[PDB]
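Participant: Let me start by giving you these chains from the complex, positioned as in the assembled structure:
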Amino acid sequence: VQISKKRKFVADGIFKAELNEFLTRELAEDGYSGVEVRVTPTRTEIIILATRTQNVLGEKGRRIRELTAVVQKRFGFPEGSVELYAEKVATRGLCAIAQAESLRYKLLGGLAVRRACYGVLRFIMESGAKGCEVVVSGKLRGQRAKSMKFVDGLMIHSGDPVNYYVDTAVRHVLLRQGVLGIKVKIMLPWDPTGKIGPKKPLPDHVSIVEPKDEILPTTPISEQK
Amino acid sequence: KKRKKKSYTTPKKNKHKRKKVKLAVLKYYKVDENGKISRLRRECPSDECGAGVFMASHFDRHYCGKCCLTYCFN
Amino acid sequence: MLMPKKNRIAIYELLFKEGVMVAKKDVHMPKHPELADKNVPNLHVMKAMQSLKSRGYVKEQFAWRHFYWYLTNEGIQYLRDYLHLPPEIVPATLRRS
Amino acid sequence: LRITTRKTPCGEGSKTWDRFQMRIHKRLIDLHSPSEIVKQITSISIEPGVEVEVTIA
C-alpha cells in the first residue's frame, strides 16, 4: 500500500494517539504512564511504561496476550508482527499522568481532598521535583463549584521552556454528584544525561565555573615527596 | 425544542389491522375432495421452481409478489 | 431488536469459534474493514455480535469508535448460563503458554 | 503541514485560531555497494521517529 509521506506521518500520529487513549482507559487502574512505539524491519514493538506491572502482565502473561491480540486485530497488524512489552518507570513522582491517576484513586478510595492532594504534593517533592501544583476543580460540596489550588515550590508558566520543563496532566473523577477535574503540573529538575528531566537548563540561568584555587603564602614553599 | 408540530391533525387513529379471511379460496380451492386438482388451461412447465407453482387468476393484471407474474401467450 | 434468527445462529457459531474480537460501533453498516468475508453479509454479522455481547450481562471496553472484548470469566459464565455448551469445543484461549 | 482551527469548541468569543504545524524533514543518500553491506549498515538501531527506507536503482 503506497501512501504519501504527509499522510503516512499523520496516520502514524493518529495510531499513536488512539493506542495511547485505548490502553490509558484500559489499564490506568494499573498505574499507566505512557506508551512508545518502535518500528524497525519486521519488528514493531509497543513499550508500555507503567508504575505497577503485576497486573499489566497479569498472571502467566494473560493480560499482555489480550492486549497484543486486541491491538493486532484492531489496527490490522500482521499476525505476530507486533509484540508489546511492559517496563517500569524509575521515577513515578515526576510523571503528571501517574500522579494525577494516583490522586484520583486516593480521592475515589476515600480521603480528605486536602489530605490526598498534600500527600501527592509531598511525594512529588521528595521525588526530586523543582516544584509542583495540583488544582482540583468541581463540586467541593454544595451547589456551587469551587476550585482549590495547591502550588508548592517553583514553576514557570510562559515561554518555550514550559514544553520540556513542565509536565502536566488533566484527569476526570466521576463522583456520585458530578465530575471533578484534577490538574497536576510538575516542573522537572535540570538533569544532564539520564533522561529523568530535561537536558538543557533554563535559558535565564547563567552558571559560572569557579576559577582555580590559589593559596600561596608570601614565600612559595611547596610540599614534596 | 421544536418538532414538525404535527399534532393538531389526526388526534387518534384506529389500528390498521386487516381482517383477512382465514379460509383461503383464491390461493387454494378444491371443491372436489380429490388428491389431484388441476387447471383446465395448460400449466407453465418452467423447471426453475417446483412442479406445483401456484398461480391465481383475477380480472386482469394480477400481482403475485416476486416479479408480478402475468399469464401471457408470449 | 431488528434482528433475524438464521444469521443469529450463524453468528453464535462464529462467536463460539472466535470468542475474543474487536468491533466498531455501527448498526446499519454492511462494510466493516476488519470483519469481512464470513460467507454472510457483514451488516447482520457485525450488528449480531454487537448484540451478542451487549445483552446486559456481559461487559465491554470501548472508545475511539471501537469495541474491545476480552474473554473474562463472565464471558464464559454467560456462555454456560445462556448457550449451555461446555467448552470442550476448545476455544482459542487454551494455548500460548 | 499546517492546520488552522478555531480555538473555541463553541462559537463564542473573539475569533482566535490555533495554527498547528508539522515539519517533515527528508534526506537522501546514494551510494554503491553490494546489498549484504547495506543490510549490515542499516542495522544500527535507528532511534525511534526516523523512518528509514532503502531502495535499489
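Facilitator: Nice, thanks for sending it over. Residues are numbered from 1 along each chain as shown, chains lettered A, B, ... in the order given.
Participant: So what's the residue count around the residue in chain D positioned nearest to chain A?
Facilitator: For chain D, the residue closest to chain A is residue D:48, as judged by CB to the nearest CB, at 5.0 Å. For the C-beta atoms, the positions are set from N, CA and C on the backbone; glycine is no exception. By the criterion of other CB atoms under 10 Å in any protein chain shown, residue D:48 has 11 neighbours.
Participant: and it, which of the three is it?
Facilitator: coil (DSSP: H, G, I helix; E, B strand; the rest coil).
Participant: just residue A:180 next, same as before
Facilitator: strand.
Participant: cool, and residue D:19?
Facilitator: Per three-state DSSP, residue D:19 ends up strand.
Participant: ok, it - contacts?
Facilitator: Going by CB atoms under 8 Å, 6 or more residues apart in numbering or on different chains, residue D:19 touches D:2-4.
Participant: Turn the residues you listed into CSV, columns for neighbour count, secondary structure and distance to residue C:43.
Facilitator: Output for these, formatted as CSV (neighbours: other CB atoms under 10 Å in any protein chain shown; DSSP: H, G, I helix; E, B strand; the rest coil; distance: CB to CB, whole Å):
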residue, neighbour count, secondary structure, distance to residue C:43
D:2, 8, strand, 39
D:3, 10, strand, 35
D:4, 9, strand, 39
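Participant: Turn those residues into CSV, columns for distance to chain C.
Facilitator: As requested, those are exported to CSV (distance: CB to the nearest CB, whole Å):
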residue, distance to chain C
D:2, 25
D:3, 20
D:4, 24
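Participant: Let me know the closest of those to residue B:34.
Facilitator: residue D:3 (81.7 Å; CB to CB).
Participant: Could you find the closest non-adjacent residue to the closest one?
Facilitator: residue D:20 (4.7 Å; CB to CB, 6 or more residues apart in numbering or on different chains).
Participant: What is the burial count for the one you found?
Facilitator: Residue D:20 - counted by other CB under 10 Å - has 10 other residues nearby.
Participant: swap in residue C:84?
Facilitator: Residue C:84 has 7 nearby residues by other CB under 10 Å.
Participant: Check residue C:19 too.
Facilitator: So residue C:19, with other CB under 10 Å, has 17 neighbours.
Participant: Name the nearest residue to it, sequence neighbours excluded.
Facilitator: Residue C:19's closest residue in space is residue C:91 (CB to CB, 6+ apart), at 4.8 Å.
Participant: pretty sure the one you found contacts residue C:71?
Facilitator: Yes - judged on CB atoms under 8 Å, residue C:91 makes contact with residue C:71 at a distance of 7.3 Å.
Participant: one more, chain E:
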Amino acid sequence: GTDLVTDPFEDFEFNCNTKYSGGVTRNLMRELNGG
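Facilitator: Placing chain E onto the earlier chains gives this:
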C-alpha cells in the same frame, strides 16, 4: 457512584460565610479540642 469526604478544616474554609457557618465552626471546634 461515590462521594468525596471533607475534613472539618476544608469544610470551615469553604462554608465560613454561608448558611452553614455555625455548623462548620462547631465541627471545627470539636475537631481541634473535643476531648
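Participant: Could you re-examine the neighbour count of residue C:84 with chain E now present?
Facilitator: The burial count for residue C:84: 7, using other CB under 10 Å.
Participant: any idea whether whatever residue of chain A ends up closest to chain D is helix, strand or coil?
Facilitator: The minimum distance from chain A to chain D, using CB to the nearest CB, falls at residue A:38 (5.0 Å). Recorded secondary structure, residue A:38: strand (three-state DSSP).
Participant: neighbours around it, how many?
Facilitator: The burial count for residue A:38: 15, using other CB under 10 Å.
Participant: Okay, and the beta partners of it?
Facilitator: residue A:45 (DSSP bridges).
Participant: just checking, it touches residue A:83?
Facilitator: No - Residue A:38 is not in contact with residue A:83 according to CB under 8 Å; the separation is 10.4 Å.
Participant: between these two, what contacts are shared?
Facilitator: A:44-45.
Participant: I'd guess residue A:152 is in a strand, am I close?
Facilitator: Yes - read with three-state DSSP, residue A:152 is one of the residues of a strand.
Participant: now it, nearest residue through space, not along the chain?
Facilitator: residue A:121 (5.3 Å).
Participant: residues contacting the one you found?
Facilitator: Going by CB under 8 Å, 6+ apart, the list of residues near residue A:121 reads A:132, A:134, A:150, A:152.
Participant: Quick one: these as a markdown table, columns for neighbour count too.
Facilitator: Conversion of the contacts of residue A:121 to a markdown table gives the following (neighbours: other CB atoms under 10 Å in any protein chain shown):
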| residue | neighbour count |
| --- | --- |
| A:132 | 27 |
| A:134 | 25 |
| A:150 | 14 |
| A:152 | 15 |
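Participant: measure stretch B:27-40 end to end?
Facilitator: Counting by CA to CA, to the nearest Å, you get 16 Å between the two ends of stretch B:27-40.
Participant: Which parts of it count as buried, going by neighbours?
Facilitator: When burial is assessed from 16 or more other CB atoms under 10 Å in any protein chain shown, stretch B:27-40 yields no buried residues.
Participant: what comes into contact with that stretch?
Facilitator: B:54, B:56.
Participant: shouldn't residue C:25 be in contact with residue C:64?
Facilitator: No - assessed by CB under 8 Å, residue C:25 is found out of contact with residue C:64, at 9.6 Å.
Participant: Residue of chain E closest to chain D, please.
Facilitator: For chain E, CB to the nearest CB, closest residue to chain D: residue E:1, 26.1 Å.
Participant: pretty sure that residue is touching residue A:175, no?
Facilitator: Yes - Residue E:1 lies in contact with residue A:175 (CB under 8 Å); the separation is 6.0 Å.
Participant: Put this one in as RNA strand F:
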RNA sequence: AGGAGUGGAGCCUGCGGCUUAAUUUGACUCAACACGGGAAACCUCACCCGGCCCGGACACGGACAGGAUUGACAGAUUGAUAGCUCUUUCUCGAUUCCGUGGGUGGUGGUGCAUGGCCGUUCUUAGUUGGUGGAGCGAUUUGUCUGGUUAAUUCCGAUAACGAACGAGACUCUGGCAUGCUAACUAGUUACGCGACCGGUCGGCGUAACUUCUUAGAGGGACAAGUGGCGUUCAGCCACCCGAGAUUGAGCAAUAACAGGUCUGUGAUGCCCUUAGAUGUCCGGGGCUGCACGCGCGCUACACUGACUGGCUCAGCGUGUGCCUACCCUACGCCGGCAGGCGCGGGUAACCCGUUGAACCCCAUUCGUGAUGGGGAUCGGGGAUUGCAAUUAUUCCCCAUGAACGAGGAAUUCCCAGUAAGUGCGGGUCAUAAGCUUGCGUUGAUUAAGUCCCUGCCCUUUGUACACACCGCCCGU
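Facilitator: Adding RNA strand F to the chains above:
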C-alpha cells in the same frame, strides 16, 4: 494644525414578531449578529402542503400458523417507481402489532449542578508567601521619594532581608554570509556538434567538494564605536560602520465572570419528551426574500484610466484503491482555446509545473475629458457535465448610457514592504466561495505626538458606595 482606505459609484450573507405555509434551534455592548469552523435540495433540517418503517433486560393489559412491513407509470392522494385507491397479500415467512416509564440512549432540559476547552477582565504590568519591623485589630512595610524603561525594566533609596510567579530570557519566523557541510529531480561545462563572410547555440551534454536552489553545523548585533545630554548611574538622542542599530508572531501571573459551550465528545450529576429511540425511510413545497428594521461583506477616483500569448515578474501550498470505485492533471479530441472522448505522469524538489483562455505595462488613443476612457437591467455561438440549480454549479464578446471624477447626524481599521489595489492556494467541498485562513505582486499619503475624546496603569486625596456610581439617597 495628521491623514489613507468612503457603510451610497466595479458579484451576498448572519439575525430580530405576524401573509393560510418561510423570515427554520445557541449567542444580544465592548466580551451576540458568513460566529457555532453553521457555503442545510437527501444525508448532521428539527418553524415543510399530509406521515411509514422501530421498543424494549424491570411489575405489565389483549396469553401465537397470519395478528400485514418498503417496491403496479395505467380510470388516484394536493407533490412523491413506498401500495393509503375501504382494495392490494409466493420476496427473513418469529421484520414481534396500540399504551407518560429508568431504554442494546435522545443534537431531550438544566452551561444558575459540573469537568475540559475557549473568551474577557487585561495587551496593560501586575501578583504573592516566609522571617523581621508598625498597628489592639482589619491591615501595612517589603511592592519606594526620584531618575530611567515597552515593562514592578533597571539605577538607586531604604525597616526591611531573602525569595516566588508574570515582564524579559525563551521557541518559530524573516533580513546577511565572494566562509563550511554537497546535491543523476531544478542550476555549470571550451579533450565541444545540433554552425563559415577567430561571439557561449535547450528530449539528449551532468574526474568546480556550489556561487543562483535546497537545508545544517555554525557565525553575525552588543546600545558594540564616536559625539552630546543625564546623579555623568540606569539610561536617552544623533552619526559613521553595518544585511540588519527592536521583523512577524507563538507562549504567557494572581484573583474573577453564575461569560460561551450539556448541539464536539461513553466527559458528566440530577430530572424528563415522541412509540416517526435524531434508529432508519439518496421517503416528503421549510431558506437566499429586498420597507438597508439591523450587522459583516461583494467596493480606486482618465496620458497615471487601457490591447503588441508582449523580453520584467509569483509564493504559500494541495494532490489517488484500507468503507477515497468523489485525487492533481499533462498531451492528442478541434464548432473558436477550460472542454462529455482517449492516452499517459504523479503517493510527489520526480507529474501537473519554467503553475493551460493574467498583473502593472503596449503608437486599438483621447493634445482635453461625458470620447476611443473606464460596464447601465440585459439576448446569442459552443455548454466544465450536477438525484434540482430557477426554488445558491457552469465559461470572451455587439457601445442601447452608469448622479460616470471625494459623499445625512453615526461610526471602523490602520505607521513600510504597512494601508489600499490585485490575483493565487488551503478549509468547507463534487470543480463546489461574494466567507475565512494564509501567500505572493503593485505599492503609498500621513505621524515619530498628546491626554482633548474613549479607556488603562503606579501615587496622593474625598466618600454617607461595598449589590461597590447602572451605588446610595432626599421631598409633595
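Participant: Please re-evaluate the neighbour count of residue C:84 in the presence of RNA strand F.
Facilitator: Neighbours of residue C:84 (other CB under 10 Å): 7.
Participant: Next, the nearest residue in space to residue C:4 that is not next to it in sequence: secondary structure please.
Facilitator: Distances taken as CB to CB, 6+ apart place residue C:44 nearest to residue C:4, at 6.6 Å, with adjacent residues excluded. Counting by three-state DSSP, the backbone at residue C:44 sits in helix.
Participant: Would you enumerate the residues in contact with residue C:44?
Facilitator: C:3-4, C:7, C:11, C:30.
Participant: Give me the distance between it and residue C:58.
Facilitator: Distance from residue C:44 to residue C:58, counting by CB to CB, to the nearest Å: 20 Å.
Participant: so what are the domain limits for chain A?
Facilitator: Split into domains by CATH domains of a matching chain, chain A comes to A:1-90, A:91-225.
Participant: Tell me which residue is most central in the chain.
Facilitator: If you meant another chain, say so; for now it's chain A. Centroid check for chain A by CA atoms, centre = their mean gives residue A:95 as the closest residue, at 2.8 Å.
Participant: think we crossed wires, I meant chain B
Facilitator: Short answer for chain B (CA atoms, centre = their mean): residue B:64, at 5.7 Å.
Participant: Quick check, it in contact with residue B:55.
Facilitator: Yes - here residue B:64 lies in contact with residue B:55, judged by CB under 8 Å, at a distance of 7.4 Å.
Participant: before we move on, back to that, and the residue nearest to the centre of chain A, how far from chain E?
Facilitator: Taking CB to the nearest CB, to the nearest Å as the measure, residue A:95 falls 23 Å from chain E.
Participant: for residue B:28, same thing?
Facilitator: 63 Å.
Participant: List phi and psi for that residue.
Facilitator: phi -120, psi 140 (degrees, to the nearest 10).
Participant: what's around the closest residue to the residue nearest to the centre of chain A other than its chain neighbours, how many residues?
Facilitator: If the residues on either side of it in the chain are set aside, residue A:95 comes closest to residue A:33, at 5.2 Å by CB to CB, 6+ apart. Other residues lying near residue A:33 total 21 when counted by other CB under 10 Å.
Participant: Could you check which helix or strand contains residue A:33?
Facilitator: Per DSSP states H and E, residue A:33 falls inside strand A:32-40.
Participant: sorry, back to before: now do the residue nearest to residue C:4 against residue C:7, distance only.
Facilitator: Applying CB to CB to residue C:44 and residue C:7 gives a distance of 4 Å.
Participant: so what's residue A:200 closest to, chain neighbours aside?
Facilitator: residue A:164 (7.4 Å).
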